[PDB]
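*Asks:* After the structure tokens below, expect a handful of questions from me.
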Amino acid sequence: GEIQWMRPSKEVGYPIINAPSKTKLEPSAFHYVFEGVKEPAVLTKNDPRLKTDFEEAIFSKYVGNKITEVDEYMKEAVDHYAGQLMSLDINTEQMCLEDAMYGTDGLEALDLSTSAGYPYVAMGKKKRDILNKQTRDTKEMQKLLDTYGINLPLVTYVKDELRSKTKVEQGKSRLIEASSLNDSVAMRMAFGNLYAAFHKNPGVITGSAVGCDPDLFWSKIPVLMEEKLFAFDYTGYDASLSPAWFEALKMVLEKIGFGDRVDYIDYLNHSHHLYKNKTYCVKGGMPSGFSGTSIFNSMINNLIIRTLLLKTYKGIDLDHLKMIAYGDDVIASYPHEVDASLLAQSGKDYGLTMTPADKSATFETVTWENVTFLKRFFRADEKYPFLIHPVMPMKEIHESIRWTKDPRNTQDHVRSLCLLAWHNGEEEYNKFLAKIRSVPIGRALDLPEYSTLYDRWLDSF
Ligand code: NA
């Protein structure tokens, strides 16, 4: 991804966009009961904690574009992946406005809490003033589509979240690019059925894990994986995507019956954005921050891995590449051992910056013991080995519980963390609950004991 130009929005006919400057994150009732070192990300250039230019730090995510055209390896990758997707018999019909808006089987309704983007954010018009969950009214939406049309500017927001001390100082906050409600709705109409098909088929055929339930899906993953696992992390995946990867995606869509709407992909690839009093044009880079791009990022990841394998190991048998992606996150496998370090090298030529899986300093062998997917390890249940626990370390959970975005959601926030934590075992889980119950707010919460969560887990299969 590369910013082509940036200039005052008024110069190209746009209003200044107001974006909150204060974090809604504040110490929770457990701030001093659990250990943690993360704080809210810098949201403005005038943050006392900064140590380097802010604006420069947040837009530096666009490292540039290493490639423009789709080479021969990418074409092969495209034919193999498209071929796989073909077996799912995906309904290529456009989805009706109602379902695209309020959801259907395999597609959750449009999120009402997220920004409605341009121009609604400059009209003080909220989604709640357009969508009726209970009415499933499409008249107001339809009127807005006819009025403002599509291909509108995306609104940039700095993501309000916890970040490491170093990242706070270096202004490394994550920029979020929100599509207009009109575009988001239009895209869910064009690809709604593709999305549902992916949500209902998490695994190695879609090569996707979006929409999955870790508590249940972790038991299915090992059976689909090959003999030898391999993985790695990406540095700024979304922003690093070159235009060619978007072209490769269009080819996959064409081959599976959606060549009808590959233009929407151009809208993601070559896009313009609004940030405060500025507007800028980006070549490449997947608009980051929201679920609308999850599937396309996963699809592109399937193309990337295949491409690097073809480029690095001529004669590789892609039919035996078993991988599952969730955006940039990935867990892959092959009957034979591969060199991640080497793949990383080939990746550089394609504009991808790949590093050792889970912040290792060197590329080590990935095993069922050290592999993580969505930050969760895999652990067989001591009583029933065939049931696999998704284990997220307590560290991140402790970091999260030390802050709150709304006292009204303390119950849900903490219950959420409990669903993640009990998998670390009864000993660890009880220590967690006891610490929670060492302060008034915690004792007033209705939280499930270990026994209850274990039984509920077995009863969910
Ligand atoms: Na873009």
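Every chain in the structure tokens has a letter given in the order shown (A, B, ...), and although residue numbers restart at 1 in each chain, ligands are simply numbered from 1 in the order shown.
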How would you report the residues lying within 6 Å of ligand 1, as a ChimeraX atom specification, if you count only C-alpha atoms and all ligand atoms?
*Replies:* /A:268-271,282-287
*Asks:* Using the chain letters and numbers from this document, which residues of region 291-351 of chain A does DSSP assign to helix (DSSP H, G or I), as a PyMOL selection string?
*Replies:* chain A and resi 291-312+318-320+340-348
*Asks:* Excluding residue 453 (chain A) and its own-chain neighbours fewer than 3 positions away, which residues fall within 10 Å of it when counting only C-alpha atoms? Please give them as a PDB file with C-alpha atoms, in the first residue's frame.
*Replies:*
ATOM      1  CA  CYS A 418     -13.748 -15.834  31.860  1.00  0.00           C
ATOM      2  CA  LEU A 419     -14.795 -17.771  28.745  1.00  0.00           C
ATOM      3  CA  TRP A 422     -10.982 -21.236  32.176  1.00  0.00           C
ATOM      4  CA  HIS A 423      -9.177 -23.137  29.447  1.00  0.00           C
ATOM      5  CA  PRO A 448     -19.414 -19.093  36.210  1.00  0.00           C
ATOM      6  CA  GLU A 449     -17.344 -21.534  38.270  1.00  0.00           C
ATOM      7  CA  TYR A 450     -14.934 -23.941  36.557  1.00  0.00           C
ATOM      8  CA  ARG A 456     -21.082 -26.464  29.413  1.00  0.00           C
ATOM      9  CA  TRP A 457     -18.128 -27.124  27.089  1.00  0.00           C
ATOM     10  CA  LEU A 458     -18.799 -30.869  26.884  1.00  0.00           C
ATOM     11  CA  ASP A 459     -22.505 -30.163  26.340  1.00  0.00           C
TER      12      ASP A 459
END
*Asks:* What's the 12 Å shell around region 327-330 of chain A, counting only C-alpha atoms, without same-chain residues fewer than 2 positions away, as a ChimeraX atom specification?
*Replies:* /A:203-204,207-211,225,229-241,286,288-305,322-325,332-333,352-354,357-358,371-376
*Asks:* To one decimal place, how far is CA of residue 306 (chain A) from CA of residue 378 (chain A) in Å?
*Replies:* 24.7 Å
*Asks:* Hey, which of A:430, A:84, A:219, A:173 ends up closest to residue 161 (chain A)? Count only C-alpha atoms.
*Replies:* A:173
*Asks:* Name the residues in contact with residue 311 (chain A) at a cut-off of 8 Å, using only C-alpha atoms, excluding same-chain residues fewer than 3 positions from it; report them as a list in words.
*Replies:*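 So the residues in contact are residues 73, 307, 308, 314 and 346 of chain A.
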*Asks:* Okay, now the selection with N, CA, C and O atoms, as a short mmCIF file (atom, residue, chain, number, x, y, z; two decimals), in the first residue's frame?
*Replies:*
data_model
loop_
_atom_site.label_atom_id
_atom_site.label_comp_id
_atom_site.auth_asym_id
_atom_site.auth_seq_id
_atom_site.Cartn_x
_atom_site.Cartn_y
_atom_site.Cartn_z
N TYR A 73 3.45 -17.38 -10.94
CA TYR A 73 3.26 -18.15 -9.72
C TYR A 73 1.92 -17.78 -9.10
O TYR A 73 1.19 -18.65 -8.61
N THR A 307 1.46 -18.93 -3.57
CA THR A 307 2.44 -18.27 -4.44
C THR A 307 3.87 -18.43 -3.94
O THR A 307 4.77 -18.74 -4.72
N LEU A 308 4.09 -18.22 -2.65
CA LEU A 308 5.44 -18.33 -2.11
C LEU A 308 5.92 -19.77 -2.16
O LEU A 308 7.11 -20.03 -2.33
N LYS A 314 9.40 -25.38 -6.47
CA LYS A 314 8.81 -25.92 -7.69
C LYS A 314 8.45 -27.39 -7.50
O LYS A 314 9.21 -28.16 -6.90
N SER A 346 11.25 -15.07 0.07
CA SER A 346 10.50 -14.93 -1.18
C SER A 346 9.37 -13.91 -1.00
O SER A 346 9.03 -13.20 -1.94
#
*Asks:* Quote the spacing between CA of residue 420 (chain A) and CA of residue 454 (chain A) in Å to one decimal place.
*Replies:* 12.1 Å
*Asks:* A:275, A:163, A:392, A:441: which is nearest residue 14 (chain A), counting only C-alpha atoms?
*Replies:*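 Of A:275, A:163, A:392, A:441, the one nearest residue 14 (chain A) is A:275, counting only C-alpha atoms.
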*Asks:* Measure the distance from CA of residue 388 (chain A) to CA of residue 370 (chain A) in Å and round it to one decimal.
*Replies:*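 Those two atoms sit 14.4 Å apart.
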*Asks:* Which one is closest to residue 166 (chain A): A:51, A:443, A:389, A:273? Count only C-alpha atoms.
*Replies:*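 Of A:51, A:443, A:389, A:273, the one nearest residue 166 (chain A), counting only C-alpha atoms, is A:51.
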*Asks:* Check the smallest atom-to-atom distance from each of A:226, A:56, A:89, A:446 to residue 331 (chain A) using only C-alpha atoms, then report the winner.
*Replies:* A:226
*Asks:* Fewer than 4 positions away in the same chain doesn't count, so skip those; otherwise give me all residues within 7 Å of region 98-109 of chain A, counting only C-alpha atoms, as JSON, numbers by chain.
*Replies:* {"A": [133, 136, 138, 185, 188, 189, 192, 195, 196, 197, 199, 200]}
*Asks:* Could you turn the residues from that selection into a file that holds N, CA, C and O atoms, as a short mmCIF file (atom, residue, chain, number, x, y, z; two decimals), in the first residue's frame?
*Replies:*
data_model
loop_
_atom_site.label_atom_id
_atom_site.label_comp_id
_atom_site.auth_asym_id
_atom_site.auth_seq_id
_atom_site.Cartn_x
_atom_site.Cartn_y
_atom_site.Cartn_z
N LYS A 133 -33.99 -3.01 13.39
CA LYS A 133 -33.82 -4.45 13.60
C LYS A 133 -35.14 -5.22 13.54
O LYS A 133 -35.23 -6.26 12.89
N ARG A 136 -36.97 -4.31 9.89
CA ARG A 136 -36.22 -4.84 8.76
C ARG A 136 -36.61 -3.98 7.57
O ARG A 136 -36.80 -4.47 6.45
N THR A 138 -36.15 -1.41 4.65
CA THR A 138 -35.12 -1.13 3.67
C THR A 138 -35.46 0.09 2.81
O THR A 138 -34.81 0.35 1.80
N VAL A 185 -23.07 -1.73 2.67
CA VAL A 185 -24.32 -2.38 2.30
C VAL A 185 -24.24 -2.93 0.88
O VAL A 185 -24.69 -4.05 0.62
N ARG A 188 -22.09 -6.10 0.79
CA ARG A 188 -22.73 -7.27 1.39
C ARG A 188 -23.83 -7.79 0.47
O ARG A 188 -24.25 -8.95 0.60
N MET A 189 -24.29 -6.96 -0.45
CA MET A 189 -25.31 -7.39 -1.40
C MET A 189 -24.59 -8.15 -2.51
O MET A 189 -25.05 -9.19 -2.98
N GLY A 192 -22.68 -11.08 -0.25
CA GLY A 192 -23.33 -11.70 0.88
C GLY A 192 -23.34 -13.21 0.89
O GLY A 192 -23.08 -13.83 1.93
N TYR A 195 -19.85 -14.61 1.58
CA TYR A 195 -19.56 -14.49 3.00
C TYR A 195 -20.23 -15.60 3.81
O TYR A 195 -19.59 -16.23 4.65
N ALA A 196 -21.51 -15.83 3.55
CA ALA A 196 -22.24 -16.87 4.27
C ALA A 196 -21.59 -18.24 4.02
O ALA A 196 -21.40 -19.03 4.96
N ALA A 197 -21.26 -18.54 2.77
CA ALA A 197 -20.63 -19.81 2.44
C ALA A 197 -19.33 -19.99 3.23
O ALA A 197 -19.01 -21.08 3.68
N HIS A 199 -18.54 -18.43 6.14
CA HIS A 199 -18.87 -18.50 7.56
C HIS A 199 -19.38 -19.88 7.94
O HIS A 199 -19.15 -20.34 9.05
N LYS A 200 -20.05 -20.54 7.01
CA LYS A 200 -20.60 -21.86 7.29
C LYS A 200 -19.64 -23.01 6.97
O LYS A 200 -19.93 -24.17 7.30
#
*Asks:* Counting only C-alpha atoms, figure out which residue out of A:258, A:157, A:368, A:267 gets nearest to residue 191 (chain A).
*Replies:*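 Comparing A:258, A:157, A:368, A:267 against residue 191 (chain A), the winner is A:258.
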*Asks:* Residues of region 317-413 of chain A that have any atom at most 12 Å from an atom of region 19-43 of chain A: could you tabulate them with the shortest-distance atom pair and the distance in Å to one decimal, using only C-alpha atoms, ordered by chain and increasing number, as a tab-separated table?
*Replies:*
residue	atom	partner	partner_atom	distance
A:394	CA	A:34	CA	10.3
A:395	CA	A:36	CA	7.8
A:396	CA	A:36	CA	8.5
A:397	CA	A:36	CA	9.5
A:398	CA	A:34	CA	5.8
A:399	CA	A:36	CA	4.9
A:400	CA	A:36	CA	8.4
A:401	CA	A:30	CA	6.5
A:402	CA	A:31	CA	4.1
A:403	CA	A:28	CA	4.5
A:404	CA	A:28	CA	5.2
A:405	CA	A:25	CA	4.8
A:406	CA	A:24	CA	7.8
A:407	CA	A:28	CA	8.2
A:408	CA	A:28	CA	11.7
A:409	CA	A:28	CA	11.3
A:410	CA	A:28	CA	8.7
A:411	CA	A:29	CA	11.9
A:413	CA	A:28	CA	11.0
*Asks:* Just write the chosen residues, N, CA, C and O atoms, as a compact mmCIF listing (two decimals), in the first residue's frame.
*Replies:*
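Written out: part_14.txt:
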# COMPACT_ATOMS: atom_id res chain seq x y z
N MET A 394 -2.88 -16.32 30.20
CA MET A 394 -3.48 -15.36 31.12
C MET A 394 -2.95 -13.93 30.97
O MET A 394 -3.64 -12.97 31.29
N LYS A 395 -1.72 -13.80 30.48
CA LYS A 395 -1.11 -12.49 30.30
C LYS A 395 -2.01 -11.45 29.62
O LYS A 395 -2.25 -10.37 30.16
N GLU A 396 -2.52 -11.78 28.43
CA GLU A 396 -3.39 -10.85 27.70
C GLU A 396 -4.70 -10.59 28.41
O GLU A 396 -5.25 -9.50 28.35
N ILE A 397 -5.22 -11.63 29.06
CA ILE A 397 -6.47 -11.52 29.80
C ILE A 397 -6.28 -10.56 30.99
O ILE A 397 -7.15 -9.73 31.29
N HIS A 398 -5.14 -10.65 31.66
CA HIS A 398 -4.84 -9.77 32.78
C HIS A 398 -4.72 -8.33 32.28
O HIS A 398 -5.24 -7.40 32.90
N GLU A 399 -4.06 -8.16 31.14
CA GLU A 399 -3.88 -6.84 30.55
C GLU A 399 -5.23 -6.20 30.28
O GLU A 399 -5.46 -5.03 30.59
N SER A 400 -6.13 -6.98 29.71
CA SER A 400 -7.46 -6.50 29.35
C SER A 400 -8.37 -6.13 30.52
O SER A 400 -9.06 -5.12 30.49
N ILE A 401 -8.38 -6.95 31.57
CA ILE A 401 -9.25 -6.70 32.70
C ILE A 401 -8.90 -5.46 33.53
O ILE A 401 -9.73 -4.96 34.29
N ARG A 402 -7.69 -4.94 33.35
CA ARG A 402 -7.22 -3.76 34.08
C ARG A 402 -7.78 -2.44 33.54
O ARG A 402 -7.44 -1.37 34.06
N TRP A 403 -8.62 -2.51 32.51
CA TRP A 403 -9.21 -1.31 31.93
C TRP A 403 -10.67 -1.52 31.58
O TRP A 403 -11.11 -2.65 31.39
N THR A 404 -11.41 -0.42 31.49
CA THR A 404 -12.82 -0.47 31.13
C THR A 404 -13.17 0.66 30.18
O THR A 404 -12.58 1.74 30.24
N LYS A 405 -14.13 0.39 29.30
CA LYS A 405 -14.61 1.39 28.34
C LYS A 405 -16.01 1.83 28.73
O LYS A 405 -16.57 2.75 28.14
N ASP A 406 -16.59 1.15 29.71
CA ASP A 406 -17.93 1.48 30.18
C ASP A 406 -18.32 0.62 31.37
O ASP A 406 -18.50 -0.59 31.24
N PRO A 407 -18.45 1.23 32.56
CA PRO A 407 -18.82 0.54 33.80
C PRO A 407 -20.08 -0.31 33.66
O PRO A 407 -20.27 -1.28 34.40
N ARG A 408 -20.94 0.07 32.72
CA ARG A 408 -22.18 -0.67 32.48
C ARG A 408 -21.91 -2.04 31.87
O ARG A 408 -22.72 -2.96 32.02
N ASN A 409 -20.78 -2.18 31.20
CA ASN A 409 -20.42 -3.45 30.55
C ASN A 409 -19.38 -4.26 31.32
O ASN A 409 -18.77 -5.17 30.75
N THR A 410 -19.18 -3.95 32.60
CA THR A 410 -18.19 -4.67 33.39
C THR A 410 -18.52 -6.16 33.46
O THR A 410 -17.65 -7.02 33.29
N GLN A 411 -19.79 -6.46 33.68
CA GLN A 411 -20.27 -7.83 33.76
C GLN A 411 -19.92 -8.62 32.47
O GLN A 411 -19.30 -9.68 32.54
N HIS A 413 -17.84 -7.75 29.96
CA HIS A 413 -16.41 -7.73 29.70
C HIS A 413 -15.74 -8.85 30.51
O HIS A 413 -15.04 -9.69 29.95
*Asks:* Smallest atom-to-atom distance to residue 316 (chain A): which of A:257, A:390, A:13, A:335, using only C-alpha atoms?
*Replies:*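 Ranked by minimum distance to residue 316 (chain A), first place goes to A:335.
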